[PDB]
Amino acid sequence: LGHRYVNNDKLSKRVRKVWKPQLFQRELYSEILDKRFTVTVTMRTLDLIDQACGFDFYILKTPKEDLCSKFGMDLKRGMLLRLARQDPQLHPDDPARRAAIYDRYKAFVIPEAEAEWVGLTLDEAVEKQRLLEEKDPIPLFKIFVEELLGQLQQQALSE
Amino acid sequence: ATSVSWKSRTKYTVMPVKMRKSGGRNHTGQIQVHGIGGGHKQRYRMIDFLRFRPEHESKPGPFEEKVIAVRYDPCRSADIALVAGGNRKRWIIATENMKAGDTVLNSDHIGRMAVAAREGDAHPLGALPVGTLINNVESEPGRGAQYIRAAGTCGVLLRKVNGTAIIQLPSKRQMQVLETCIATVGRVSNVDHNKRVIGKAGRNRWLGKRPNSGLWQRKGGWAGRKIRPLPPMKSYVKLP
RNA sequence: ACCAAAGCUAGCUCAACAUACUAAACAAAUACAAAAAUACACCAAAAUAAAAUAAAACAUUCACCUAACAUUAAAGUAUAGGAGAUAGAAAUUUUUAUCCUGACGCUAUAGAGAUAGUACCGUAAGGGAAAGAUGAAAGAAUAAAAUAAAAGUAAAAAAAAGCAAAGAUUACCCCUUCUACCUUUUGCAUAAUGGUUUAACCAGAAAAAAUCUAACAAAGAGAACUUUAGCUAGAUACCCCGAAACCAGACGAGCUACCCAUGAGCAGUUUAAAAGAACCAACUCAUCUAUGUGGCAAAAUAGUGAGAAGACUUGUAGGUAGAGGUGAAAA
RNA sequence: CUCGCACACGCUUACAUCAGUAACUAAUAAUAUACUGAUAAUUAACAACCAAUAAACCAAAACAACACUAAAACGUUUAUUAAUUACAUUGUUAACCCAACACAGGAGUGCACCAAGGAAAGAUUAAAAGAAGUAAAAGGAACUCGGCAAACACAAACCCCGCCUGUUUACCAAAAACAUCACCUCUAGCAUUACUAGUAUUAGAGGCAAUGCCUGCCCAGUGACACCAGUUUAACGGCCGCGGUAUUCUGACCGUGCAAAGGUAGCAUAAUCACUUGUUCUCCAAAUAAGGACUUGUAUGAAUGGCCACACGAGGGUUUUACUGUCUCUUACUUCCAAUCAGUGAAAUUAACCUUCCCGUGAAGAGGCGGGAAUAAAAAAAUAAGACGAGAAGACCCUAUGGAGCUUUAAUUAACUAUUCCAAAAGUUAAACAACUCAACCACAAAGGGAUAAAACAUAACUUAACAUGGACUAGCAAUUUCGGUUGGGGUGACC
RNA sequence: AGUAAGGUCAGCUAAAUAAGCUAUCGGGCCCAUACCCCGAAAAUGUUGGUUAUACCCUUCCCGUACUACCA
Ligand SMILES: [K+]
Ligand SMILES: [K+]
Ligand SMILES: [K+]
Ligand SMILES: [K+]
Ligand SMILES: [K+]
Ligand SMILES: [K+]
Ligand SMILES: [K+]
Ligand SMILES: [K+]
Ligand SMILES: [K+]
Ligand SMILES: [K+]
Ligand SMILES: [K+]
Ligand SMILES: [K+]
Ligand SMILES: [K+]
Ligand SMILES: [K+]
Ligand SMILES: [Mg+2]
Ligand SMILES: [Mg+2]
Ligand SMILES: [Mg+2]
Ligand SMILES: [Mg+2]
Ligand SMILES: [Mg+2]
Ligand SMILES: [Mg+2]
Ligand SMILES: [Mg+2]
Ligand SMILES: [Mg+2]
Ligand SMILES: [Mg+2]
Ligand SMILES: [Mg+2]
Ligand SMILES: [Mg+2]
Ligand SMILES: [Mg+2]
Ligand SMILES: [Mg+2]
Ligand SMILES: [Mg+2]
Ligand SMILES: [Mg+2]
Ligand SMILES: [Mg+2]
Ligand SMILES: [Mg+2]
Ligand SMILES: [Mg+2]
Ligand SMILES: [Mg+2]
Ligand SMILES: [Mg+2]
Ligand SMILES: [Mg+2]
Ligand SMILES: [Mg+2]
Ligand SMILES: [Mg+2]
Ligand SMILES: [Mg+2]
Ligand SMILES: [Mg+2]
Ligand SMILES: [Mg+2]
Ligand SMILES: [Mg+2]
Ligand SMILES: [Mg+2]
Ligand SMILES: [Mg+2]
Ligand SMILES: [Mg+2]
Ligand SMILES: [Mg+2]
Ligand SMILES: [Mg+2]
Ligand SMILES: [Mg+2]
Ligand SMILES: [Mg+2]
Ligand SMILES: [Mg+2]
Ligand SMILES: [Mg+2]
Ligand SMILES: [Mg+2]
Ligand SMILES: [Mg+2]
Ligand SMILES: [Mg+2]
Ligand SMILES: [Mg+2]
Ligand SMILES: [Mg+2]
Ligand SMILES: [Mg+2]
Ligand SMILES: [Mg+2]
Ligand SMILES: [Mg+2]
Ligand SMILES: [Mg+2]
Ligand SMILES: [Mg+2]
Ligand SMILES: [Mg+2]
Ligand SMILES: [Mg+2]
Ligand SMILES: [Mg+2]
Ligand SMILES: [Mg+2]
Ligand SMILES: [Mg+2]
Ligand SMILES: [Mg+2]
Ligand SMILES: [Mg+2]
Ligand SMILES: [Mg+2]
Ligand SMILES: [Mg+2]
Ligand SMILES: [Mg+2]
Ligand SMILES: [Mg+2]
Ligand SMILES: [Mg+2]
Ligand SMILES: [Mg+2]
Ligand SMILES: [Mg+2]
Ligand SMILES: [Mg+2]
Ligand SMILES: [Mg+2]
Ligand SMILES: [Mg+2]
Ligand SMILES: [Mg+2]
Ligand SMILES: [Mg+2]
Ligand SMILES: [Mg+2]
Ligand SMILES: [Mg+2]
Ligand SMILES: [Mg+2]
Ligand SMILES: [Mg+2]
Ligand SMILES: [Mg+2]
Ligand SMILES: [Mg+2]
Ligand SMILES: [Mg+2]
Ligand SMILES: [Mg+2]
Ligand SMILES: [Mg+2]
Ligand SMILES: [Mg+2]
Ligand SMILES: [Mg+2]
Ligand SMILES: [Mg+2]
Ligand SMILES: [Mg+2]
Ligand SMILES: [Mg+2]
Ligand SMILES: [Mg+2]
Ligand SMILES: [Mg+2]
Ligand SMILES: [Mg+2]
Ligand SMILES: [Mg+2]
Ligand SMILES: [Mg+2]
Ligand SMILES: [Mg+2]
Ligand SMILES: [Mg+2]
Ligand SMILES: [Mg+2]
Ligand SMILES: [Mg+2]
Ligand SMILES: [Mg+2]
Ligand SMILES: [Mg+2]
Ligand SMILES: [Mg+2]
Ligand SMILES: [Mg+2]
Ligand SMILES: [Mg+2]
Ligand SMILES: [Mg+2]
Ligand SMILES: [Mg+2]
């Protein structure tokens, strides 16, 4: 979004101008997930895919600031969890193929506690944190019973 | 505020259905077509355009139906006729001289030699004679009748070449269409609709036309008697 | 002698410190037409701010104007500008903690709009006030103290003659002499402008060069600069009210223009007629004249008129919103 | 004397009983539906709230027998389900609502015009002026812009412009303006929200106005189409001079020039620049009026329509008849105002006034200056010459490097819609043709000598529906901004 | 009033290389006239200045043309 000068002359009229990227419809193949996604991609994205020598490499090498897409972050998080968990569901019939796929991306392996928070926004993380910490209140009957037992054992050991 | 179109009925029924006027207002609520509104209240009859439609898929053969009555349809400029056959009834557009107690044959079997052209029969363009007047032209096989439905309008078949028929529309423009499309032989009813005279300004209001605006616009370059060559033939046949 | 006058509190303003920042109240009911316990869902959204202005016009441009992380300097320098108006950095530098926080700020036409966003004016967004005074005790109202001083009246109407007064005079007039006041103009008593009168409130502001006074002086200044008598500090300065407009975002079709729904009216008379025919009411428009002109009425009353089975009147409710809507074009 | 009861919508206790009103509210008093305090009230049968799905059914309301064109609100039955269980919740008053008011205004339906609901005059006198009503001698438009108004009149005819009913500037114009049936031009071969649940006898963008007789000539320019030549005026628009010529007049004719064609039919001193009160006849005692003719109207004229006619008109003009206070010429009598008495009590305005006449003077029209005249002070009721009267910071006119609306052949130029090209993107195909033997071999078919290359292009060529990006072209629509000065007031001419 | 604007053979036009057509004059063709063919003559409104003239400017004269508006 910006302005421009007609005829590229400074003394000319000032004009509002919007430049839009040219969008294309392509379906891409990811080796980690073995699924085809029909994703609106640009010619620059395909060039970056070739530059990284792989669709999975492009997602796993480009950082968040370079990707600028929530789908990309979720796509990375899905594959990052796949590597850390080492899920046998990638190919239940070809264990040899499973080893080959994860061998090439062995440099991107991250621990489990790190691989499930890479594609989350601020709002999504808070909901996830609340869900893990969602605990029903402990009844005061249970608290008081433990308190009474401690006193009884304390009195028992005092005699 | 977005409005809802009155065309919500899903099942075909011969009985008249309720109808709401628009007045030129689109779904937004603004005027898009001027000079429409304030007409007499009307009911809509469900018109079956596809002449060839068997009751069941068990017997796809040609079937023959009977005409019960010919009525007046407020919506279109022609006259519609009630036609019953088997276990269903249909409203179809009546030709020039369709009357009560008449039998109409619907068929699709393309025969080599010919088939005699009757005033009500619907046959594919491949079996009709060269010099036949037709109406309710089906642009594509199974699409349905779209062309030549106004009062007194009849198209004439011209020739059939390499398994393809060429017809002449009422606008004197040649149209190319596959010979397997169904068409109806004859001229549409109410022939003298063009000769009808409106006696007063009020009769226009009854039909539903509002008076034109009073702004005086000077004529531009578009006006004047324009002589233009006939546009080339419109063909719906997809050449592989 | 009436009308009036006087009071000093209510609270407010600007900071500082500071926890770290949508208060108080939530028993029940609150986004059905909010404050109405209770039924098969749809749910949601973003697109650079523009212009009034300055350049004495106005088209490129016009500080602050959403998002800076500060202070002493580099500096109003390099640069960017119809090279005009004006816009304007950085490299590189400087900054010792806590208490000492209160007032050469106002006192009911001031200070917040506030006793209050309440009355009240608007369909709505929105606009938005005036208003308090006794004493220690009024469980001292045959109650008490205080100025009796604004315009306006009363006590007390007026007696030839004149910008209303002055010179005077034994004596108020009588006599003599004097063309109201500001603004605006070559020139105004002008019959040119403004003011009934009273109280309260209401309009000159900036320190580059300079002049005056003083400190120290070839050096001055409590860093950063200026210097061939100069440097540092003080004092001396440049108003108020008013347009038609322009741009952005909201709120309005309960009046009116048109349309979509759903309803309701047209008696008698004349004609084979429910024929945009005819006579004439209800009903709907408003031709002509007279009253009315701060009126009964911010468009009416009286008489008289045109249509009155239609392109007709009419109730309820919904739709189109300003670069537009709508229009049997009257801008 | 007559807008009465009730419901809906709205208002929200203003309603009812009792008491009080010195003061507040009523534009006054009595007094209390309207102001204050206390207490009390509208009871459901009426009204609101008050099932879903599948299937059969082409056949109007108007006393509806049966029909018309504009084709029409208004449902029953069968099947599968539906908590089954006295008493649920809510609206019930009024003299009322919207208009700043207890306003002569605005306000839907049912039934009556009354059996119901209300009070034009606070008390006097009986002046002028003003408003409303009745009557009139003789004359009957002599009034006047006009027969406006009024009338014991309530009729007849001609013309102009529109055909007609209808519509518009709410609040100065209701018309000759707009619309309209008719005619004509133009653009479009078609599907799920307009047009349309349609399909060229259809639907939009316009012009002109029924009917009848007609709508002449012109593509040079502009515009549009074709997007090339070209084609289009019921597209914007246009549709001529000079000189001579039949005794005189007129000019059939002729010479010559320019044009895309040179105004044809018709009508005509008109609603038609000026000349203009053209000329003439009829109407009148008298005609700048009205009708009928003459007619270059050098600026009438043919769908920006010409011309003629029926019907129609709260449009505009003229004539006759009848009526009358319009008028010669005013008068009498009533009501509301008016004047006196009692109650309540506002507005524009106001420098101070102890506020005269005349002539002269003067910022050029003096109650105030100068020279003279007049002159006890006050109240009430009248007439409008002056106070350059009061009202609105003049609408006219000019100025302002002050605004805005409209139009385009002004300057600058996007977005958006549509047309076209290039690029991006996707896809398709690819390894190539003009001898002739003159000699002469060969049974043919051909051959050899006298050419049989290279190359296709270092990729090339073409197609591409729907969406859609960047950069250009054309058009529509539209955005920004201005429109110099001097001038014996501005414009115009001229000047700088 | 102002401004605009033009004059050319007898007539009308185009060029300033003063031409073309017609008219006029003479001759031929025909019975005669006209047509037709052949030959000749003919002009830059006016004054002054434009090296010198002409197309130009100026003066005189005729005639043509537009406009004369807001109150
Ligand atoms: K029809
Ligand atoms: K004045
Ligand atoms: K002045
Ligand atoms: K003043
Ligand atoms: K609405
Ligand atoms: K009123
Ligand atoms: K009320
Ligand atoms: K007259
Ligand atoms: K009218
Ligand atoms: K043309
Ligand atoms: K005449
Ligand atoms: K009329
Ligand atoms: K007077
Ligand atoms: K003058
Ligand atoms: Mg229709
Ligand atoms: Mg039309
Ligand atoms: Mg029109
Ligand atoms: Mg400026
Ligand atoms: Mg200025
Ligand atoms: Mg700005
Ligand atoms: Mg430059
Ligand atoms: Mg205050
Ligand atoms: Mg004060
Ligand atoms: Mg006083
Ligand atoms: Mg004196
Ligand atoms: Mg003087
Ligand atoms: Mg003066
Ligand atoms: Mg001066
Ligand atoms: Mg004065
Ligand atoms: Mg003045
Ligand atoms: Mg004054
Ligand atoms: Mg200084
Ligand atoms: Mg601007
Ligand atoms: Mg705006
Ligand atoms: Mg409405
Ligand atoms: Mg009737
Ligand atoms: Mg009628
Ligand atoms: Mg009236
Ligand atoms: Mg009246
Ligand atoms: Mg009367
Ligand atoms: Mg009538
Ligand atoms: Mg009538
Ligand atoms: Mg809205
Ligand atoms: Mg508009
Ligand atoms: Mg209308
Ligand atoms: Mg107009
Ligand atoms: Mg106008
Ligand atoms: Mg009220
Ligand atoms: Mg009363
Ligand atoms: Mg009482
Ligand atoms: Mg009471
Ligand atoms: Mg009143
Ligand atoms: Mg009374
Ligand atoms: Mg009285
Ligand atoms: Mg009188
Ligand atoms: Mg009388
Ligand atoms: Mg008389
Ligand atoms: Mg007379
Ligand atoms: Mg007279
Ligand atoms: Mg008149
Ligand atoms: Mg009259
Ligand atoms: Mg006339
Ligand atoms: Mg009319
Ligand atoms: Mg006529
Ligand atoms: Mg009418
Ligand atoms: Mg009006
Ligand atoms: Mg009206
Ligand atoms: Mg009127
Ligand atoms: Mg015709
Ligand atoms: Mg006509
Ligand atoms: Mg018309
Ligand atoms: Mg006309
Ligand atoms: Mg024509
Ligand atoms: Mg052409
Ligand atoms: Mg004539
Ligand atoms: Mg005429
Ligand atoms: Mg004239
Ligand atoms: Mg007249
Ligand atoms: Mg007369
Ligand atoms: Mg005449
Ligand atoms: Mg003309
Ligand atoms: Mg035309
Ligand atoms: Mg004309
Ligand atoms: Mg008629
Ligand atoms: Mg008439
Ligand atoms: Mg008479
Ligand atoms: Mg009195
Ligand atoms: Mg006096
Ligand atoms: Mg005088
Ligand atoms: Mg004197
Ligand atoms: Mg004097
Ligand atoms: Mg009086
Ligand atoms: Mg008086
Ligand atoms: Mg005076
Ligand atoms: Mg006067
Ligand atoms: Mg005055
Ligand atoms: Mg002024
Ligand atoms: Mg003006
Ligand atoms: Mg100036
Ligand atoms: Mg300006
Ligand atoms: Mg401006
Ligand atoms: Mg504007
Ligand atoms: Mg231009
Ligand atoms: Mg682009
Ligand atoms: Mg701008
Ligand atoms: Mg000018
Ligand atoms: Mg000037
Ligand atoms: Mg002048
Ligand atoms: Mg000029």
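Further up the page is the structure itself.
Below: a short report on this structure.

Thresholds applied
- Residues numbered from 1 in each chain as written, not as in the entry; some residues may be left out.
- Chains lettered and ligands numbered in written order.
- Part of a larger assembly, values for the part shown.
- Heavy atoms only, no water.
- Helix = DSSP H or I, 4+ residues; strand = E, 2+ residues; numbered from the N terminus.
- Buried < 20%, exposed > 50% of the residue type's maximum accessible area, 1.4 Å probe, protein only.
- Contact = heavy atoms within 4.5 Å.
- Areas by Shrake-Rupley, 256 points an atom, 1.4 Å probe, with all protein chains shown as cover.
- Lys, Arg positive; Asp, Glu negative; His and termini not counted.
- Charge placed at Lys NZ, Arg CZ, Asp CG, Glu CD.
- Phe/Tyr/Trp six-rings, centres within 6.5 Å; stacked < 30°, edge-to-face > 60°.
- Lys NZ or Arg CZ within 6 Å of the ring centre and 35° of its normal.
- Arc of directions from axis to C-beta.

1. Concerning the overall build of chain A
Counting its secondary structure elements, chain A contains eight helices and four strands. Starting at the N terminus, the α and β elements of chain A follow one another as β-β-β-β-α-α-α-α-α-α-α-α. Each of the three principal axes of chain A carries a C-alpha extent, and together these read 100 × 55 × 25 Å. Buried positions account for 23% of the 159 residues belonging to chain A. In chain A, 37% of the contacts between residues at least 6 apart in sequence involve partners at least 24 apart. With the model as given, the accessible surface of chain A reaches about 12700 Å², and the carbon-plus-sulfur share is 55%. One way to put it: in chain A the 26 positive side-chain charges average out to a point 13 Å from where the 26 negative ones average out.

2. Focus on the packing of aromatic side chains
This structure, assessed with the given rule, holds six aromatic pairs over all chains. A centroid spacing of 6.1 Å and a plane angle of 75 degrees characterise the contact between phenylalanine 37 of chain A and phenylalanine 71 of chain A, whose relative ring orientation is edge-to-face. Residue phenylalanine 37 of chain A is found in strand β4 (residues 35-42), and its partner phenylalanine 71 of chain A is found in helix α4 (residues 70-85); the two are separated by 34 residues along the sequence. With centroids separated by 6.4 Å and ring planes inclined at 70 degrees, the aromatic side chains of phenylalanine 57 of chain A and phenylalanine 108 of chain A adopt a geometry described as edge-to-face. Of this pair, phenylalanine 57 of chain A sits in helix α2 (residues 55-61) while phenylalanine 108 of chain A is found in the loop between α5 (95-104) and α6 (112-115), placing the two residues 51 residues apart along the sequence. Its relative accessible area of 25% is what places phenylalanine 108 of chain A among the partly exposed residues. Three or more aromatic residues joined by ring pairs make a cluster, and in this case those are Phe57, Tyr105 and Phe108 of chain A. Lying over the aromatic face of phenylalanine 49 of chain B, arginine 149 of chain B brings its terminal NZ or CZ to 3.9 Å of the ring centre.

3. A short note on α5 of chain A
All names here are of chain A. Listing the buried residues of α5 in full gives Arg98, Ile101 and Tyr102. Angular distribution of buried residues about the axis of α5 spans 85 degrees; they occupy a single face of the element. Those residues of α5 hidden inside the fold are in contact with α4.

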